[PDB]
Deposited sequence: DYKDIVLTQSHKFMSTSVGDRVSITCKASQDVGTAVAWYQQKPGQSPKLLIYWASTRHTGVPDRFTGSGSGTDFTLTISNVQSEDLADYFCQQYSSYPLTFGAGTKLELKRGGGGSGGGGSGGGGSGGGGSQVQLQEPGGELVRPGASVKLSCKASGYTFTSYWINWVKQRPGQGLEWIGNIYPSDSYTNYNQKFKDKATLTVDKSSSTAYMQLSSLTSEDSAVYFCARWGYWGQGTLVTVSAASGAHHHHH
């Protein structure tokens, strides 16, 4: 698997400074790399893709670069609203992997963001991911696990059109992906839950991450 080593877990900066967050792929990943911004209680917002193309709406402050192995995300004049988590994504080959992330800081009320469920150990859970506003069958749906202080993990994806699926070997026996064309809803069923399965589970379309769902196993 391709490991993406992100240069610092924590980065201190100040409003007005220039910042550089880097990711080093352990194998060549071409220019298939994306950078995301994630604020607490929110979901990743795509900033750069194909390593250097700025996504629509993202302010010039952000710039991406690199090809093959060393990727960089630079913010020319850091602003307050920029203080967040940033992580890189590699989509050159399976399993898709992510850099453990970088928290950009200097040195708010949050309620049910996201909502979720508390289930029992050894039990099973089936998470939903309703889609709206676009042709469900035309875009892969990915599922990602996020624990609080660790790096994002990609579970697998599925093409709703024919339900073709890819699994990160690590989740092969824990997750099973399905979709329901009739209600444009993708699902993920986790089996034999342990405290290790407690996390926020996101489903994502290229450029649109869901709000996620908190699965607590107690």
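Deposited residues without C-alpha coordinates, grouped into stretches that follow sequence order: Since the structure holds only modelled residues, the stretches it omits are 1-3, 111-131, 243-252.
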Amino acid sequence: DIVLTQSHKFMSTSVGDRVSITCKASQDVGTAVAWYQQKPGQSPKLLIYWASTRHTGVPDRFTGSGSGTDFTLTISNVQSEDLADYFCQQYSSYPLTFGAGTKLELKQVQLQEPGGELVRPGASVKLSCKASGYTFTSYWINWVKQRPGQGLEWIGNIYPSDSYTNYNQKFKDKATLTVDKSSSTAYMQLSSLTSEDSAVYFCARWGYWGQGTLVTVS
From here on, numbers count along this sequence of modelled residues.
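Mean C-alpha B-factor comparison - 29-37 and 188-196, higher one: Higher mean C-alpha B-factor: 188-196.
Mean Cα B-factor comparison, 115-123 or 82-90, giving the higher one as deposited: Higher mean C-alpha B-factor in the PDB entry: 115-123.
Highest recorded Cα temperature factor - choice among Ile155, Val58, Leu177, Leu152: Within the set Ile155, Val58, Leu177, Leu152, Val58 shows the top C-alpha B-factor.
Maximum C-alpha temperature factor, selected from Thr135, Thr72, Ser128, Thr97: Result of the comparison over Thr135, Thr72, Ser128, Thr97: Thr135.
Within-chain third of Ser20 by Cα B-factor, per the entry: Highest third.
Modelled-residue ranking by C-alpha temperature factor, third containing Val215: Its C-alpha B-factor belongs to the lowest third of this chain's values.
Third of chain Cα B-factors occupied by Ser52: Lowest third.
Among modelled residues of the same chain, the CA temperature factor third for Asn168: According to the entry, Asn168 has a C-alpha B-factor in the chain's lowest third.
CA B-factor ranking of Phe10, expressed as a third of its chain: Middle third by C-alpha B-factor.
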